[PDB]
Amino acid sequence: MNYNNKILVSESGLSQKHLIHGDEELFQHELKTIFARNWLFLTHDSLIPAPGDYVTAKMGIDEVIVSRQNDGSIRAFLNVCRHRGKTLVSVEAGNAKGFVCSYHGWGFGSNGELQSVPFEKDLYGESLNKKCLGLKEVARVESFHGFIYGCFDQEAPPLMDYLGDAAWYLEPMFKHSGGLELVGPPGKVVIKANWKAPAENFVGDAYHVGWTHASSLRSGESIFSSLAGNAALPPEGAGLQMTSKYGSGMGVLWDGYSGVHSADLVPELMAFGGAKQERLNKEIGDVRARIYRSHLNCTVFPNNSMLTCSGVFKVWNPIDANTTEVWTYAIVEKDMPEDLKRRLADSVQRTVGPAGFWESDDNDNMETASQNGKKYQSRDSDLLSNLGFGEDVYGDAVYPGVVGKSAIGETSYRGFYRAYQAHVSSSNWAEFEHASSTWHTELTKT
């Protein structure tokens, strides 16, 4: 398939060829044009706080070691020995000054450097240039308020610029709240879905909640519970949708601070959020203080998603076109009481973790939509994302980005897939930029 020419996503992001969820050649092409090029979530400060602390993470299909350095910085390296390519680290987290390979015993520092080679003098003499045999380093590692992302491409925009107009929406919770912590370790489950199915669902899909999660809404008694079975549509002005140049986007459901959490947490959460909002009004203004305690369903392009307030943090790790490894963490506000943090973390897993009753509602939708992408009569068919098209704005005086001033629509799908297509058809960041010079105009047409 010719990725320069093939129209996988139509103008304005209005439709996508269903094959994008099933085609293995395109999956391989995504490893290059999506995953090797863009910012990918690694870990949080709270998981590797002290020097020598490390975790392993996926970046696309590659595995990396992410290590706190002695100077307080974080560096990341391919989890592959520089000798004959054995996997260096077989655990998920720990603390070490370095890593020794179990094949021939080569010893690498936490800083990636080849520090020791067994019997180097006797065997290699002075001839092994260890300076040139450090672990393959992840070119770019940056932090967004403790959330650590990596990028293999040195040419990428800084993470802050990459978040674009999405950053303004995340800041009340990620920054002005006093900071978030990631509670580990994550749940990990393999689903038979393409990574884009859950990514698109989190970025933009409020439409499904009432029908898909009817049973979970009714059973759990959560704040969105009136939606169960499409019994009710959100009020006028119940929220909005946004999207951004580099593909990240989110829904905003005003005031939904208890999110997916069952009635056992609703009163305490609604009190806590309301109390912080009152303090924040003075600091960041009423609109942004309200955003702090409003439910944001967001995808940080390409494959990191979250529900703020619900406290859900997801990585959709790609395996092949119909296989994804789902990592599920909880996010909590640092200044919450410890007992609340613990119950919130349990509630995140309860609802959307490996046995998450909400997440179970989504499984067949994600899996079959992805697998149908392989079926012959569906490959060239069009997935529709036209809801709200021709009502989006850009450059609004209050809410930045390309914005749909309605709670339910497909604005964020359109921006996600506009960015996706611009990457798939480009060889580097310069070409993506050239392909995106009229991004918001394309999205606000008609």
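All residue numbers are counted from 1 along the displayed sequence.
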| query | finding |
| --- | --- |
| Comparing 86-94 with 277-285, the one whose average Cα B-factor in the PDB entry is higher | 277-285 |
| Selected stretch [higher average CA B-factor]: 117-125 or 245-253 | 117-125 |
| Member of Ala263, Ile319, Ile148, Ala330 with the greatest C-alpha B factor (per the PDB record) | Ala263 |
| Residue with highest C-alpha B-factor in the PDB entry, from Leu227, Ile191, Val300, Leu307 | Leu227 |
| CA B-factor placement of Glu325, once the chain's modelled residues are sorted into thirds | lowest |
| Chain third (lowest, middle, highest) by recorded CA B-factor, residue given as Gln421 | lowest |
| Third of chain Cα B-factors occupied by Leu40 | lowest |
| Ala50, C-alpha B-factor rank within chain (lowest, middle or highest third) | highest |
| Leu296 - Cα temperature factor, lowest/middle/highest third of chain | lowest |
